[PDB]
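Notes for the one structure printed next.
In our numbering, the protein residues as written are 1 to 137.
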């Protein structure tokens, strides 16, 4: 798995968020926070276009999980694996931010999904918004 610079920032931000919230396991919801906080990537732009924001996602994650060496949850590992499939299908050899978000949507379950459901975002609509940005001139 090769990652873009922005995707690497996402993974760092995800770990930072897990630690800040007192978790040794980096879950799908921490990936979600890393995606929105990274800011400049297509994932962050799609999340913002959907009416989500970093602070809003942060508040919801804290509401569902609360506070509590470091590892990815099994589901987060699966999301990162799926991100490579998503990149390949979109004609990319590197996983970028959009591919991690699409991987998250594809998994479709887990804490990030519960967060998105509570924030009122359809997974299908999230995918469409990502693809619209990628398709745009």
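From the three backbone atoms N, C-alpha and C, an ideal C-beta is built for every residue, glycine too.
- Going by beta carbons, residue 10 and residue 35 fall inside the 9 Å limit.
- Under the criterion of beta carbons closer than 8 Å, residue 105 and residue 119 do not qualify as touching, at roughly 14 Å.
- About 28 Å separates the beta carbon of residue 115 from that of residue 2, a gap too long to meet the 8 Å contact definition.
- Check the Cα spacing between residue 75 and each of 40, 136, 112: the tightest is with 112.
- Beta-bridge partners assigned by DSSP to residue 72: 26.
- Where residue 135 is concerned, the enclosing alpha helix (DSSP H) starts and stops at 123-135.
- Secondary structure note for residue 44: its alpha helix (DSSP H) is the uninterrupted segment 42-49.
- Remark: three or more beta-carbon pairs, one from each stretch, lie closer than 8 Å, so the segment 69-83 and the segment 17-37 are flagged as touching.
- Within the same chain, and ignoring the five residues on either side of residue 4 in sequence, the residues whose Cβ sits closer than 6 Å to its Cβ are 94, 96.
- Put simply, of 33, 14, 32 the residue whose alpha carbon is nearest the alpha carbon of residue 24 is 14.
- Membership of residue 52 in any alpha helix (DSSP H) is not indicated, and neither H nor E is assigned to it by DSSP.
- As the crow flies, the alpha-carbon of residue 59 is around 12 Å from that of residue 67.
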